[PDB]
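Q: What follows is a single structure, and I will ask about it in a moment.
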Amino acid sequence: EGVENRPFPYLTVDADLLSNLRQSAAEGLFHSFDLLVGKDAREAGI
Amino acid sequence: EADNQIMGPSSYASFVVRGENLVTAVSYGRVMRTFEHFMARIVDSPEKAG
Amino acid sequence: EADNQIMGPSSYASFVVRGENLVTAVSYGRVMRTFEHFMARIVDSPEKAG
């Protein structure tokens, strides 16, 4: 909802930013996010 | 017939998406026909009026 | 206090629209930060995942 999904080279940081994420996206801390479960969790077509 | 045969190219010309073009295809989703002439007329010699 | 001073940076870590991002600023209007690292990741050996 305001997010693009391109096959970017994603820099691999080491932060613990998984903690309280699936509950934080449900309440709406993030203004715009895309949840990709299953086949959508892919480095998309160029 | 004023002539029997003509010349002309034997092969198709190649437009391959090279490095500047691959990055902007991956990241922006947009390719230019020549990144090299765009470089040569923006960043390498901008005041050279073509 | 255990210490009276901390060791921090002395200048702003600058960022200018250089030769590779000027083409996409003038052409597309999409600058990325560290275009050279995108080129290092997907052009020069994309088979080496970070």
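Lettering and numbering for the structure tokens are positional, with chains as A, B, ... in the shown order, residues counted from 1 in each chain, and ligands counted from 1 in the shown order.
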All in-order C-alpha pairs, least squares, chain B moved onto chain C. Output the fitted coordinates as a PDB file with C-alpha atoms, in the first residue's frame, please.
A:
```pdb
ATOM      1  CA  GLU B   1      30.042  10.503  35.847  1.00  0.00           C
ATOM      2  CA  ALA B   2      31.640   7.281  34.648  1.00  0.00           C
ATOM      3  CA  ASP B   3      33.306   9.275  31.869  1.00  0.00           C
ATOM      4  CA  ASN B   4      33.984  12.925  31.096  1.00  0.00           C
ATOM      5  CA  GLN B   5      33.824  12.999  27.291  1.00  0.00           C
ATOM      6  CA  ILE B   6      33.058  10.790  24.303  1.00  0.00           C
ATOM      7  CA  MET B   7      34.497  10.504  20.826  1.00  0.00           C
ATOM      8  CA  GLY B   8      32.430  10.872  17.677  1.00  0.00           C
ATOM      9  CA  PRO B   9      32.614  12.321  14.178  1.00  0.00           C
ATOM     10  CA  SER B  10      33.831  15.847  13.582  1.00  0.00           C
ATOM     11  CA  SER B  11      32.141  16.360  10.215  1.00  0.00           C
ATOM     12  CA  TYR B  12      28.908  15.427   8.506  1.00  0.00           C
ATOM     13  CA  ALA B  13      29.173  12.599   6.012  1.00  0.00           C
ATOM     14  CA  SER B  14      28.789  13.547   2.365  1.00  0.00           C
ATOM     15  CA  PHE B  15      26.146  12.132   0.038  1.00  0.00           C
ATOM     16  CA  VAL B  16      26.827  13.843  -3.290  1.00  0.00           C
ATOM     17  CA  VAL B  17      24.859  12.775  -6.365  1.00  0.00           C
ATOM     18  CA  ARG B  18      27.622  11.482  -8.648  1.00  0.00           C
ATOM     19  CA  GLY B  19      27.390  10.305 -12.284  1.00  0.00           C
ATOM     20  CA  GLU B  20      24.987   7.304 -12.199  1.00  0.00           C
ATOM     21  CA  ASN B  21      22.829   9.279  -9.724  1.00  0.00           C
ATOM     22  CA  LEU B  22      22.918  12.517 -11.718  1.00  0.00           C
ATOM     23  CA  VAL B  23      21.757  10.727 -14.873  1.00  0.00           C
ATOM     24  CA  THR B  24      18.867   8.982 -13.138  1.00  0.00           C
ATOM     25  CA  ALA B  25      17.954  12.235 -11.385  1.00  0.00           C
ATOM     26  CA  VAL B  26      17.896  14.057 -14.725  1.00  0.00           C
ATOM     27  CA  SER B  27      16.198  11.352 -16.777  1.00  0.00           C
ATOM     28  CA  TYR B  28      13.990   9.320 -14.424  1.00  0.00           C
ATOM     29  CA  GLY B  29      13.703  11.625 -11.423  1.00  0.00           C
ATOM     30  CA  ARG B  30      14.977   9.036  -8.951  1.00  0.00           C
ATOM     31  CA  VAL B  31      18.249   8.705  -7.034  1.00  0.00           C
ATOM     32  CA  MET B  32      19.625   5.736  -5.126  1.00  0.00           C
ATOM     33  CA  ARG B  33      21.728   6.090  -1.998  1.00  0.00           C
ATOM     34  CA  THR B  34      24.571   4.010  -3.444  1.00  0.00           C
ATOM     35  CA  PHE B  35      24.761   3.387  -7.162  1.00  0.00           C
ATOM     36  CA  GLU B  36      28.203   1.886  -6.555  1.00  0.00           C
ATOM     37  CA  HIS B  37      27.053  -0.889  -4.229  1.00  0.00           C
ATOM     38  CA  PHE B  38      24.053  -1.533  -6.478  1.00  0.00           C
ATOM     39  CA  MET B  39      26.520  -1.994  -9.336  1.00  0.00           C
ATOM     40  CA  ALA B  40      28.775  -4.173  -7.172  1.00  0.00           C
ATOM     41  CA  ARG B  41      25.837  -6.416  -6.210  1.00  0.00           C
ATOM     42  CA  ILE B  42      23.942  -6.555  -9.532  1.00  0.00           C
ATOM     43  CA  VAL B  43      26.405  -6.306 -12.412  1.00  0.00           C
ATOM     44  CA  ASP B  44      29.856  -6.898 -10.874  1.00  0.00           C
ATOM     45  CA  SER B  45      29.243  -9.835  -8.504  1.00  0.00           C
ATOM     46  CA  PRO B  46      25.612 -10.978  -8.502  1.00  0.00           C
ATOM     47  CA  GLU B  47      26.134 -14.529  -7.241  1.00  0.00           C
ATOM     48  CA  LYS B  48      28.176 -13.325  -4.243  1.00  0.00           C
ATOM     49  CA  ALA B  49      25.563 -13.658  -1.514  1.00  0.00           C
ATOM     50  CA  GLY B  50      26.161 -10.811   0.906  1.00  0.00           C
TER      51      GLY B  50
END
```
Q: Can you list, as a list in words, every residue of chain C that DSSP puts in helix (DSSP H, G or I)?
A: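 After running DSSP on the backbone, chain C has helix (DSSP H, G or I) at residues 19, 20, 21, 22, 23, 24, 25, 26, 27, 35, 36, 37, 38, 39, 40, 41 and 42 of chain C.
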Q: Only N, CA and C atoms, please: the residues just picked out, written as an mmCIF file, in the first residue's frame.
A:
```cif
data_model
loop_
_atom_site.group_PDB
_atom_site.id
_atom_site.type_symbol
_atom_site.label_atom_id
_atom_site.label_comp_id
_atom_site.auth_asym_id
_atom_site.auth_seq_id
_atom_site.Cartn_x
_atom_site.Cartn_y
_atom_site.Cartn_z
ATOM 1 N N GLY C 19 28.082 11.032 -10.746
ATOM 2 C CA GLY C 19 27.929 10.814 -12.181
ATOM 3 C C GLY C 19 26.926 9.710 -12.509
ATOM 4 N N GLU C 20 26.759 8.733 -11.630
ATOM 5 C CA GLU C 20 25.827 7.660 -11.944
ATOM 6 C C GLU C 20 24.393 7.986 -11.559
ATOM 7 N N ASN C 21 24.190 8.781 -10.508
ATOM 8 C CA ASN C 21 22.857 9.182 -10.085
ATOM 9 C C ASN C 21 22.379 10.456 -10.754
ATOM 10 N N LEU C 22 23.275 11.208 -11.389
ATOM 11 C CA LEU C 22 22.849 12.381 -12.142
ATOM 12 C C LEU C 22 22.064 11.984 -13.378
ATOM 13 N N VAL C 23 22.426 10.856 -13.989
ATOM 14 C CA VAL C 23 21.737 10.376 -15.178
ATOM 15 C C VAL C 23 20.309 9.978 -14.849
ATOM 16 N N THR C 24 20.095 9.365 -13.690
ATOM 17 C CA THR C 24 18.749 8.985 -13.297
ATOM 18 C C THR C 24 17.996 10.104 -12.599
ATOM 19 N N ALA C 25 18.691 11.119 -12.087
ATOM 20 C CA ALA C 25 17.995 12.290 -11.571
ATOM 21 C C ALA C 25 17.443 13.130 -12.709
ATOM 22 N N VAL C 26 18.273 13.390 -13.723
ATOM 23 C CA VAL C 26 17.844 14.164 -14.880
ATOM 24 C C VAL C 26 16.904 13.343 -15.757
ATOM 25 N N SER C 27 17.142 12.038 -15.863
ATOM 26 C CA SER C 27 16.392 11.168 -16.758
ATOM 27 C C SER C 27 15.093 10.656 -16.142
ATOM 28 N N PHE C 35 24.807 4.167 -5.393
ATOM 29 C CA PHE C 35 24.667 3.472 -6.671
ATOM 30 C C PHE C 35 25.820 2.510 -6.923
ATOM 31 N N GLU C 36 27.023 2.854 -6.453
ATOM 32 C CA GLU C 36 28.180 1.987 -6.643
ATOM 33 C C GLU C 36 28.041 0.685 -5.868
ATOM 34 N N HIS C 37 27.305 0.686 -4.760
ATOM 35 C CA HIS C 37 27.104 -0.570 -4.053
ATOM 36 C C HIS C 37 26.016 -1.419 -4.697
ATOM 37 N N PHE C 38 25.024 -0.803 -5.344
ATOM 38 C CA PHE C 38 24.086 -1.577 -6.154
ATOM 39 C C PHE C 38 24.791 -2.213 -7.345
ATOM 40 N N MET C 39 25.691 -1.465 -7.986
ATOM 41 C CA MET C 39 26.486 -2.028 -9.072
ATOM 42 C C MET C 39 27.443 -3.103 -8.572
ATOM 43 N N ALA C 40 27.964 -2.955 -7.356
ATOM 44 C CA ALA C 40 28.828 -3.986 -6.799
ATOM 45 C C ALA C 40 28.044 -5.224 -6.399
ATOM 46 N N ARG C 41 26.748 -5.087 -6.140
ATOM 47 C CA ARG C 41 25.980 -6.249 -5.717
ATOM 48 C C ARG C 41 25.334 -7.008 -6.865
ATOM 49 N N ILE C 42 24.838 -6.341 -7.908
ATOM 50 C CA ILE C 42 24.106 -7.055 -8.949
ATOM 51 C C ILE C 42 24.816 -7.090 -10.299
#
```
Q: Residues of chain A within 8 Å of chain B, counting only C-alpha atoms - could you list those as a PDB file with C-alpha atoms, in the first residue's frame?
A:
```pdb
ATOM      1  CA  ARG A   6      11.488  -5.282  -6.941  1.00  0.00           C
ATOM      2  CA  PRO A   7      14.470  -7.671  -6.861  1.00  0.00           C
ATOM      3  CA  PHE A   8      16.619  -5.141  -4.977  1.00  0.00           C
ATOM      4  CA  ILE A  46      12.447  -7.812 -13.213  1.00  0.00           C
TER       5      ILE A  46
END
```
